[PDB]
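The chain below stands alone and is given as structure tokens, in the form deposited in one PDB entry.
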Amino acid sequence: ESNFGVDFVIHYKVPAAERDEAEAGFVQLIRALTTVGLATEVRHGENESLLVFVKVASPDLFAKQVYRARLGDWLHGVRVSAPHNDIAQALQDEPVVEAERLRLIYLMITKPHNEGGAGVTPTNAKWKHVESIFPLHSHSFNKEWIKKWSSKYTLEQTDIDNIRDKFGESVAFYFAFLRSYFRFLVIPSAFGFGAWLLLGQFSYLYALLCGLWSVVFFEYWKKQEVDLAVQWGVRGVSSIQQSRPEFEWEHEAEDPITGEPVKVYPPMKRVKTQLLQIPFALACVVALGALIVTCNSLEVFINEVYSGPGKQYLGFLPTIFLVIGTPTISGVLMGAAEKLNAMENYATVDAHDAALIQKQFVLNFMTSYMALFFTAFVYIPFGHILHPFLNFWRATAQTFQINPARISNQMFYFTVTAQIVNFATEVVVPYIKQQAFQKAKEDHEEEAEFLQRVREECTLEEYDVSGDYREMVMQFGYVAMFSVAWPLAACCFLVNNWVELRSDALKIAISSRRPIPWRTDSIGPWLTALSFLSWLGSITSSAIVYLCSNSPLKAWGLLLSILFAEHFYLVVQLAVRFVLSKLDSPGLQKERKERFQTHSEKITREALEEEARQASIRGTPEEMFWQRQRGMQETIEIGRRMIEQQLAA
């Protein structure tokens, strides 16, 4: 039905082996929720836990927190208007929205004592039996959201504004990015159908069109997210450094200019931990390369041996099995990257998130493109280097030409498989898991439905937006640097994106708990990843056009094609950046409107008379250069006399 006015829920498991140290700590938890000004209510928690629900009781402290937060955006330049006048009648002018209300209640829960909160961060302090502070889903809103989004072909800006109003700015920026990407993916769908139907195979024109589309989509999304950050009032929140509660330290030094005590970590220890990425990256390169070389050698052996029924089908079963198995290897590698990033100490949330995103992007880049890269650039130009692997396979079974159109076919079997297993591990396998959890199964006899709902809500996983960003970034990479082999692939991705905008919505609706509303200026470092996946596309796809249309292949033609495609990409990037700086986006227009919205003769004679008095008190030619003519009129007659006697001789 509906929530009972509960703003946040803290789980607070109480294990039996450390009960007393939990229990008195539980008392401290209520103390930590009383001095801030939150009303608490303790209830039973399943699986040996003790749920507490917190809401805002006094609206005066909440209005003080709203005014202080708006002041905090005012000093950081996020809010350019007047914050408040130390009295809260301005909340009727700009209403407080549910996302920022939940964000401020979470800040009141989790910030330390010396900025108003009392931090119940579940890692550092004695409150280690806390592990999850989460808001509650509105099931009526989720049902209407899913019913509205599944009944429309396209989404407008009001839906993204509703997502910003409910779930915060990060989820709204993801859904706006996915909507813009899905709308921009119609263009390579149309030209991919045109290239697949008319242009034959491995068209250079399609590669140039993909590079131009990548440039146009990237810069137009940068303009669109600038406009969205101005519209949502979160422009410049990336400059606000947020302290990380898990950040370990040993020195609390002073700031050299201001004097606030800053907790400092030695950067050489962080560099020494960061240097562990290189053996991890090279070990991942070696292991994944050995696995991919073994799989392609196996499928070459099957193409050599297996004669007649299913050569076209059973010639990519190692590739299909690799795409099927790579979620498990990917999950192991992302767990290793998460452990390495937790080991690699970071003081701010944004740097930690950027480093994690970089590690995840590199790992998923390898495990999602290394097979296609080996096929297009190692197997195609020289396939004689993997002969001992076929010797090993022939010796095992005892107990030549390279097809240039291979990277086309293996792309098709790469895409259709990866659109199935990603529909498996993200949609239907969690559906079967929650159905199995549902089929496996006093509370004051008028709130037992709500307590059962919050008890099954806390067992769900916290929603991660970086995984969905990663999936769409890898899809953009497929379009940018491998869609020239199979031009229909973007079309398939288009259909997938229409599912994704709904299905990920369902992933927030029923398959995950409500995320904490966080404010983001942009999608962040994924932008950089997109930029990289643009540039490498101009290196990659056109090279495929030279390597599969070919008579022997020459190095100078390949280098000329790569050079021309990359310089065409750079020229198109400069032209699009020049054009899009002239469109006059309404954010800067509103900023200009806001910036616009936010006898002497007697005086000169009195001044020269004062100068005459000061001269008569005592630079004599300094005074008498000006004191000979001091009025307005006598300048006119002496100028006329100088004109008249100028022509008198």
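If you superpose the two forms and keep the largest set of C-alpha atoms that fall within 1.5 Å, you have the rigid core. Just count from 1 along the sequence shown to find any residue number.
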If the chain runs straight from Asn303 to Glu304, say none; otherwise bin the unmodelled deposited residues as 1 to 3, 4 to 9, or 10 or more. none
Does the entry skip any residues of the deposited sequence between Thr598 and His599, and if so, is it 1 to 3, 4 to 9, or 10 or more, or none at all? 10 or more
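Unshown form deposited in another entry; subsequent notes refer to it.
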Align on the core first; then indicate which of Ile163, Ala490, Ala195, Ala337 has a CA shift of 2 angstroms or more between this form and the one not shown. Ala337
Following rigid core alignment, is the displacement of the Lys111 C-alpha between this form and the one not shown equal to or greater than 2 angstroms? no
Is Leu33 one of the residues whose C-alpha moves 2 Å or more between this form and the one not shown after the core fit? no
After the core is matched up, is the C-alpha of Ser541 off by 2 Å or more between this form and the one not shown? no
Closer or farther: C-alpha pair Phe532/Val286 in that other deposited form, relative to this form, given a change of 3 Å or more: closer
In that other deposited form the CA atoms of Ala281 and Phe532, compared with here and shifted by at least 3 Å, lie closer
